[PDB]
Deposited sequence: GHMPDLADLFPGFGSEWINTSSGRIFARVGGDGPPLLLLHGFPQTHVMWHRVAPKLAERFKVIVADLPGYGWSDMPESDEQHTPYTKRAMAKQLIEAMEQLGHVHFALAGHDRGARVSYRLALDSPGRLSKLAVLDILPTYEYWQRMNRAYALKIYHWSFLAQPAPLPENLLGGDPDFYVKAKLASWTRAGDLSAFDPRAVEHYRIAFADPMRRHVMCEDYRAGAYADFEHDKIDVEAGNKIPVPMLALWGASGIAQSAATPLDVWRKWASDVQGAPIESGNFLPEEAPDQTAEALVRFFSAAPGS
């Protein structure tokens, strides 16, 4: 497995739920970067250097993903809910002395991020969310067309062991197919092969696949109900925010229902912005967080 973060250290950070792995580089204001599915912290490798020109950049594996430890789940999927993941990453950040920080997330990491902002806004200076709408909004949309497009939201959320059993036969196919599927190009040409190797090795472990299914189970159930409470309360995130999304993968209208200070923009890309459009993404983030 290649080292894709020149000038970054490697830390295991203790929490009450298990270790969080991160790569850590730069100096200046702290900025936490959170990946999504079916990826690891490595997805930030094309943008984390430009950010580390200005910031102390902490590139963390989500609870249960990558090299982070895997807390034991329960019947309500609790450690893999975005509320619980957020709490665990807040504890991790406190081990480094960071109690007020900038945050950018992608895909499931973006879900952690906006949930963290909703639950504990005082922890964040500024928030960026990449390639998502709120969980609740995806579910509200979920008609025929959306059920076909984002079938994995319902498939991965099926009770165990249904998706686990299917995934075990040829996991390398499935993960590579998802990576390719969600890009504009429809192939793996947007990704560094060494990055793809990281994602494949993680996905090859049954215990890591189980976590991903627990994440999607939470997304179907507790995450949705948590979001529904905020929508019904009319709670909006107060933290200055940026929404970026791949134009092939409005979203600003949606976010304005969830956040009182939000700017954003499409970038021509599929759903892997930091790898498909690294310069544009790095530039939008540096300019937003600076």
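Engineer: No C-alpha coordinates means not modelled. Give me those stretches of the deposited sequence in order.
Structural biologist: Unobserved in coordinates, per deposited numbering: 1-5, 255-260, 302-306.
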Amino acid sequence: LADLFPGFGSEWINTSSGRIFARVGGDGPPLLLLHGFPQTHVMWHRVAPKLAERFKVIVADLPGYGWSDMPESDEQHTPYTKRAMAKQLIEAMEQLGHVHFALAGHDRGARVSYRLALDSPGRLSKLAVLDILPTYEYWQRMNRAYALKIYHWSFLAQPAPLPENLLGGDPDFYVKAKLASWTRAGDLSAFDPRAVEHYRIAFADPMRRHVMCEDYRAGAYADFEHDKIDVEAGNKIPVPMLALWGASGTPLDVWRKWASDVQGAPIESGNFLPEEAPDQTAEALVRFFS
From here on, numbers count along this sequence of modelled residues.
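Engineer: Quick one: higher average CA temperature factor, 65-73 or 256-264?
Structural biologist: 256-264 has the higher mean C-alpha B-factor.
Engineer: Per the record, averaged over C-alpha atoms, which has the higher B-factor: 55-63 or 42-50?
Structural biologist: Looking at the recorded C-alpha B-factors, 42-50 comes out higher on average.
Engineer: Select one of 34, 222, 243, 247: the residue whose C-alpha shows the highest B-factor in the crystal structure entry.
Structural biologist: Each of 34, 222, 243, 247 was compared by C-alpha B-factor; the highest is 247.
Engineer: Can you tell me which third, lowest, middle or highest, the CA B-factor of residue 152 falls into for its chain?
Structural biologist: For residue 152, the deposited C-alpha B-factor lands in the lowest third.
Engineer: Sorting by Cα B-factor within the chain, modelled residues only, which third would residue 227 end up in: lowest, middle or highest?
Structural biologist: For residue 227, the deposited C-alpha B-factor lands in the lowest third.
Engineer: What third of the chain does residue 171 rank in for C-alpha temperature factor, lowest, middle or highest?
Structural biologist: Its C-alpha B-factor belongs to the middle third of this chain's values.
Engineer: Select lowest, middle or highest to describe the third in which the CA B-factor of residue 124 falls within its chain in this entry.
Structural biologist: Middle third, going by the recorded CA B-factors of the chain.
Engineer: Place residue 96 in the lowest, middle or highest third of its chain's C-alpha B-factors, as listed in the PDB entry.
Structural biologist: As the PDB entry reports it, the C-alpha B-factor of residue 96 lands in the middle third of its chain.
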